[PDB]
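See structure below.
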Amino acid sequence: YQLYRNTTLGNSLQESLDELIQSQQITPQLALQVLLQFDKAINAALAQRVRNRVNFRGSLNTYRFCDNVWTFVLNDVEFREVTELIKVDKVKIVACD
Amino acid sequence: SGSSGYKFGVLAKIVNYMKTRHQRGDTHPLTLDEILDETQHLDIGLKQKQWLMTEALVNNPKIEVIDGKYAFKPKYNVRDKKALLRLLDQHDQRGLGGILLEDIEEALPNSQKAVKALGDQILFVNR
Amino acid sequence: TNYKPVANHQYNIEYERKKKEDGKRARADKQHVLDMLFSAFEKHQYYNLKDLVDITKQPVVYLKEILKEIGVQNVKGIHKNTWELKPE
Amino acid sequence: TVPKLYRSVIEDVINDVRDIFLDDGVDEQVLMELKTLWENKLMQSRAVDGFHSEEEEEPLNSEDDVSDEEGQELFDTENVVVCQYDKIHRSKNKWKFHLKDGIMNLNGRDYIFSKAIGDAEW
Amino acid sequence: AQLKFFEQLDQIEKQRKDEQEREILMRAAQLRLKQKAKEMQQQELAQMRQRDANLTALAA
Amino acid sequence: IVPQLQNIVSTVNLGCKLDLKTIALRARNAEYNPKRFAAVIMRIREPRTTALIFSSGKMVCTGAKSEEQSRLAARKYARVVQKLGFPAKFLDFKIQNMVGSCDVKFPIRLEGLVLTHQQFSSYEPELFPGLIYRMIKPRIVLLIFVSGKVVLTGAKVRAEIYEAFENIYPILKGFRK
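Line order of the protein sequences matches chains G, L, U, R, D and W. In this text, residue positions in the first sequence follow the UniProt record's numbering: the first is 3, and each later residue adds one. In this text, residue positions in the second sequence follow the UniProt record's numbering: the first is 68, and each later residue adds one. In this text, residue positions in the third sequence follow the UniProt record's numbering: the first is 151, and each later residue adds one. The fourth sequence runs 9 to 63, 310 to 376 under the UniProt record's numbering. The fifth sequence runs 942 to 970, 981 to 1011 under the UniProt record's numbering. In this text, residue positions in the sixth sequence follow the UniProt record's numbering: the first is 161, and each later residue adds one.
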């Protein structure tokens, strides 16, 4: 899943690559191969990552489901994980199966 | 498995598209680079690009190629859906084996032409 | 000798497998199959309709239209509906 | 436990693409430039600390209205949550979400869950 | 151009001998074939990933 | 007792071919999953309704609790497609089925009804705890329970729901516990 490319981690990577492409320091096609490999590595890393059990709640707005991927947008929603609680009035949720 | 370049089906696909877009009334000679360009598949790799150009469009049966640009080989006559009075008056081969293989792929499924073809001398039958 | 089971155990296992996948898929950007179909057709000149189905989950009738659009079926000599890319 | 995962992933990815760079004809110096360029952007952003950084039948539309602003949905700074869904349920307007493996950024902070459960009315 | 096309004719004999050496170990009894099979297995997943990526791009 | 209508299933033809994928991506509150079903499910909050918008241009609207509410909700669903830009027409807003519910307010003996009315009434305890009294003169299927819930489903017009309940009221009054 080329899901995690538009994340801090993934975007900083693409930007770095574009520069190298720009300066012909680094070029495309190879860039695609890196994204494939970078994306595969991040997916494997996440699979061997794992975390902790939490508890939560929300209030709905838009939803979309295509390519087995759900994309929601909640308003006035606060989510608490373990001790920490985070308030929010606009949150976008992208979820793969 | 012999020699393979990039993704399989580039040939059986380039020819077919070229055929398709030409029938769609975009009629004009083109080159493999022009097809790549228009299909946004230019990044097929120079090696494959070259192998397609030199060989794929060379093993091509009777490729009608005046020079630079590849053209339509099977149908000698332009698919103009009209006026085959030359073949009707060609009374030297009993109608010249009018085949339907090169028909029904135009705007009117032979039928529209045939009705006028029915209206005219043109006669339709099937074996 | 005779018990009172409601849903036969074998039937319930089959029902669970069915609910997992539904064939009624959509068909947009239909040209991509041809990428996959030709893909396979280069490795072997011809493939039994069943082998092509094992790749395209779309309806056979509609798949046959896609197969008929870009190719022809040869008996190859032992029945076994088999499709091949046109040599032109 | 998050900067750690990122280091972990960056290391693995960098190590795993070295041969590809080499096969493509690339000096190992370029690889190091990548790592540097990459590590540096995060430090510049300052979202967290890193080890590297420290270094009628026709008038249908006549009624009008009824739909709200589509543009409200996108801010580009909106708290973005990436997660994996196990089961999404809907009864009338009652929705229940069963999520997993998620990275959240709420109010500016970063959080991670292995399993999330939520409720919302539409 | 054709000096390297005669070397490409020798590259055709390279693959000929690669197949010969494959059946050579077979007669004296496939890694390339296994690699090809693995590559073939990869493409369905690649198409699914590309569709997911397009949805994520448009979605966010 | 007056039965309350609480659902209208209606079909309205938009008149033109619609591309379903385009509608799903731009319309809000829309889900179009091809594998499970072949139509876009679209839901609006102001009048609680859900319209399955089909590709052939035929739209079915459900969940409305009165006749005027259903016509208005269908007019609003067609406004969505009009705004996106597909050519849009409104034709034949025809109600297909209306389900109504009421309480007789007295306990009823289902077993007795089956004894004197076996011809029109079918009751099996294991399958369905309610007796179904399919009625021929006004075509309606009424599901009756011991509590007293007369559940009339299958009336194309408002009058039929009321007429059937008045017709079945004497039979229940006779078997009143």
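We put the CB at the ideal spot given by N, CA and C, even for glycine.
Minimum Cβ-Cβ distance from residue i to chain W less than 9 angstroms
{"i": "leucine 314 of chain R", "result": "yes"}
{"i": "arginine 167 of chain U", "result": "no"}
{"i": "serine 53 of chain R", "result": "no"}
{"i": "residue 109 of chain G", "result": "Nothing about residue 109 of chain G can be read from this structure; chain G reaches only from 3 to 99."}
{"i": "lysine 154 of chain U", "result": "no"}
Interface flag, residue i vs chain D, CB-CB below 9 angstroms
{"i": "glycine 76 of chain L", "result": "no"}
{"i": "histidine 182 of chain U", "result": "yes"}
Residues sharing a beta bridge with residue i, DSSP
{"i": "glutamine 338 of chain R", "result": "G:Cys98 and R:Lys354"}
{"i": "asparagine 198 of chain U", "result": "U:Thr232"}
{"i": "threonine 151 of chain U", "result": "Answer is none; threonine 151 of chain U lacks a bridge partner."}
{"i": "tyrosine 293 of chain W", "result": "W:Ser281"}
{"i": "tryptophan 72 of chain G", "result": "G:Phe67 and G:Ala97"}
{"i": "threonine 210 of chain W", "result": "W:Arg203 and W:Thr222"}
{"i": "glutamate 375 of chain R", "result": "R:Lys348"}
{"i": "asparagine 333 of chain R", "result": "G:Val93"}
Simplified DSSP state of residue i, which is helix, strand or coil
{"i": "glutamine 166 of chain W", "result": "strand"}
{"i": "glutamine 4 of chain G", "result": "helix"}
{"i": "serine 226 of chain W", "result": "coil"}
{"i": "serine 345 of chain R", "result": "strand"}
{"i": "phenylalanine 246 of chain W", "result": "coil"}
{"i": "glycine 92 of chain L", "result": "coil"}
{"i": "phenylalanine 81 of chain G", "result": "strand"}
{"i": "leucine 175 of chain L", "result": "coil"}
{"i": "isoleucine 304 of chain W", "result": "strand"}
{"i": "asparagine 1005 of chain D", "result": "helix"}
{"i": "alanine 55 of chain R", "result": "coil"}
{"i": "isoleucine 130 of chain L", "result": "coil"}
{"i": "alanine 969 of chain D", "result": "coil"}
{"i": "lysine 183 of chain L", "result": "helix"}
CB contact check: residue i to chain G, cutoff 9 angstroms
{"i": "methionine 999 of chain D", "result": "yes"}
{"i": "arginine 968 of chain D", "result": "no"}
{"i": "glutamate 191 of chain W", "result": "yes"}
{"i": "residue 343 of chain W", "result": "Residue 343 of chain W lies beyond the stretch modelled for chain W, which goes from 161 to 337, so this question has no answer here."}
Cβ-Cβ separation, residue j to residue i (assumed contact under 8 angstroms), whole Å
{"i": "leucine 251 of chain W", "j": "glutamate 375 of chain R", "result": "Between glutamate 375 of chain R and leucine 251 of chain W the Cβ distance is about 35 angstroms, and since that is not below 8 angstroms, they are no contact."}
{"i": "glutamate 238 of chain U", "j": "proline 141 of chain L", "result": "7 angstroms"}
{"i": "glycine 76 of chain L", "j": "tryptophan 118 of chain L", "result": "Going by Cβ atoms, the distance from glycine 76 of chain L to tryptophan 118 of chain L rounds to 14 angstroms, so no, they are not a contact pair."}
{"i": "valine 71 of chain G", "j": "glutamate 332 of chain R", "result": "Contact doesn't hold; Cβ gap of about 17 angstroms is too wide."}
{"i": "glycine 272 of chain W", "j": "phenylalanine 335 of chain W", "result": "5 angstroms"}
{"i": "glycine 314 of chain W", "j": "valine 301 of chain W", "result": "5 angstroms"}
{"i": "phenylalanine 188 of chain U", "j": "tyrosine 197 of chain U", "result": "11 angstroms between Cβ atoms; not a contact."}
{"i": "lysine 218 of chain W", "j": "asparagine 173 of chain W", "result": "6 angstroms"}
{"i": "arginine 231 of chain W", "j": "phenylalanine 214 of chain W", "result": "That pair is no contact at about 19 angstroms."}
{"i": "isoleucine 88 of chain G", "j": "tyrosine 365 of chain R", "result": "7 angstroms"}
{"i": "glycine 290 of chain W", "j": "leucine 303 of chain W", "result": "5 angstroms"}
Residue-level contact to chain R via CB, residue i, 9 angstroms cutoff
{"i": "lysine 218 of chain W", "result": "no"}
{"i": "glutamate 206 of chain W", "result": "yes"}
Test: residue i CB closer than 9 angstroms to a CB of chain L
{"i": "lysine 218 of chain U", "result": "no"}
{"i": "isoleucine 953 of chain D", "result": "yes"}
Closer than 9 angstroms to chain U by CB, residue i
{"i": "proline 247 of chain W", "result": "no"}
{"i": "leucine 212 of chain W", "result": "no"}
{"i": "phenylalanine 305 of chain W", "result": "no"}
{"i": "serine 71 of chain L", "result": "yes"}
{"i": "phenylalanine 280 of chain W", "result": "no"}
{"i": "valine 82 of chain L", "result": "yes"}
{"i": "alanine 315 of chain W", "result": "no"}
{"i": "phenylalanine 197 of chain W", "result": "yes"}
> With contact counted as at least three CB pairs below 8 angstroms, one residue from each stretch, are the stretch 31-42 of chain G and the stretch 216-227 of chain U in contact?
Replying inline: Two segments are said to touch when three or more pairs of C-beta atoms, one from each, lie closer than 8 angstroms; by this definition the stretch 31-42 of chain G does not touch the stretch 216-227 of chain U.
> Do the stretch 188-202 of chain W and the stretch 61-75 of chain G touch if we need at least three Cβ pairs shorter than 8 angstroms?
Replying inline: Contact between the stretch 188-202 of chain W and the stretch 61-75 of chain G is present: 3 or more CB-CB pairs across the two stretches fall below 8 angstroms.
>> Would you call the stretch 186-194 of chain L in contact with the stretch 177-184 of chain U, where contact means no fewer than 3 C-beta pairs closer than 8 angstroms?
In response: Output reads no: the stretch 177-184 of chain U does not touch the stretch 186-194 of chain L.
> Three or more beta-carbon pairs under 8 angstroms between the stretch 325-335 of chain R and the stretch 11-25 of chain G, yes or no?
Replying inline: Under the Cβ criterion (8 angstroms, minimum of three pairs), the stretch 325-335 of chain R does not count as touching the stretch 11-25 of chain G.
> Taking contact to mean at least 3 C-beta pairs separated by less than 8 angstroms, is the stretch 39-48 of chain G in contact with the stretch 20-30 of chain R?
Replying inline: These segments touch.
> Should the stretch 38-48 of chain R be called in touch with the stretch 18-27 of chain G, which here means at least 3 C-beta pairs below 8 angstroms?
Replying inline: These segments touch.
>> Check whether the stretch 48-64 of chain G and the stretch 73-93 of chain G are in contact - that is, three or more C-beta pairs closer than 8 angstroms.
In response: Segment contact: the stretch 48-64 of chain G against the stretch 73-93 of chain G, three or more CB-CB distances shorter than 8 angstroms; contact assigned.
>> Does the contact criterion of 3 or more C-beta pairs under 8 angstroms hold for the stretch 258-269 of chain W versus the stretch 198-218 of chain W?
In response: Taking a cut-off of 8 angstroms on C-beta distances, the stretch 258-269 of chain W does not touch the stretch 198-218 of chain W, as fewer than three cross pairs fall below it.
>> Does the structure place the stretch 204-216 of chain U close enough to the stretch 11-19 of chain R that three or more beta carbon pairs sit under 8 angstroms?
In response: These segments do not touch.
> On the three-pair Cβ rule with 8 angstroms, is the stretch 315-327 of chain W touching the stretch 166-180 of chain W?
Replying inline: Between the stretch 315-327 of chain W and the stretch 166-180 of chain W, the count of Cβ pairs shorter than 8 angstroms is below three; the stretches do not touch.
>> Does the contact criterion of 3 or more C-beta pairs under 8 angstroms hold for the stretch 219-226 of chain W versus the stretch 45-52 of chain R?
In response: These segments do not touch.
> On the three-pair Cβ rule with 8 angstroms, is the stretch 236-253 of chain W touching the stretch 311-320 of chain R?
Replying inline: Yes, the stretch 236-253 of chain W touches the stretch 311-320 of chain R.
> Is there contact between the stretch 126-139 of chain L and the stretch 167-175 of chain L, where contact requires at least three CB pairs shorter than 8 angstroms?
Replying inline: Cβ pair count under 8 angstroms is below three, so no.
>> Does the structure place the stretch 962-970 of chain D close enough to the stretch 76-86 of chain L that three or more beta carbon pairs sit under 8 angstroms?
In response: Cβ pair count under 8 angstroms is below three, so no.
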